[PDB]
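What follows is a single chain, given as structure tokens, in the form deposited in one PDB entry.
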């Protein structure tokens, strides 16, 4: 399948070169997989989700996304126009308030929630969790991310936006999950992206168009935007049978475009997520 005039990040992850605008992907499109977006919520009524998104948990007075961030991330995973995996099932877990903030104890609870809740959902092709959030190092937060991964969920986490070594942020620094840095449309590391040996992969993160609350769209930047590209890619590859939750981060790194990014500090991987789709 081909989607013309796609957002640049979708085109980039199906391409060996920058500068194109068509997204190529297998029609299966993540059908039968599930992606949890652990964030500010998801505006499930947005036409772009087509009934495939549901809020399943909140830790606040409402499950509504009053911010937009979680809706944007969910859109990059799985909206019809702006998403990688256009037929996946999206589940929202609201661990961040409408200001985009959350206590670590609530974030931990949300991760352990997903490890259990996947047993309440039909996801025959596999389960992914996308965590576009983080803060300073916490062993308890890292341990929760490790548990979620251990339980059979592909965990993708944002590296962070301090232009610093990600070893000092959580859950970015947990080795067993898939830590995602951000790139721009000219294959430069995004200027804010964290780096370091704990990164596993880069994805598009500067000027990413996706869904927003109020039935709208907008373009924003962050490692928060790169992470759902990798989460959606994992769901897509799991539906195709190419990998599993335990193996997907390694598979994505093995099949990535190599050596194509600029301003990669020495010691950080030079790997850009790629779907290897050949029509």
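Numbering follows the first chain given and starts at 1.
Keep in mind the form solved in complex with a small molecule is missing from the figure; the text below concerns it.
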>> When the contact criterion is heavy atoms within 4.5 Å, does residue 96 count as touching the small molecule in the deposited bound form?
In response: yes
>> Since only the chain is shown here, I'm wondering whether residue 224 would be in contact with the small molecule in the deposited bound form (any heavy atom pair within 4.5 Å).
In response: yes
>> Considering non-hydrogen atoms and a 4.5 Å limit, does the small molecule approach residue 75 in the deposited bound form?
In response: no
>> Residue-level contact is defined here as any heavy atom of the residue lying within 4.5 Å of the small molecule in the deposited bound form; does residue 133 satisfy this criterion?
In response: yes
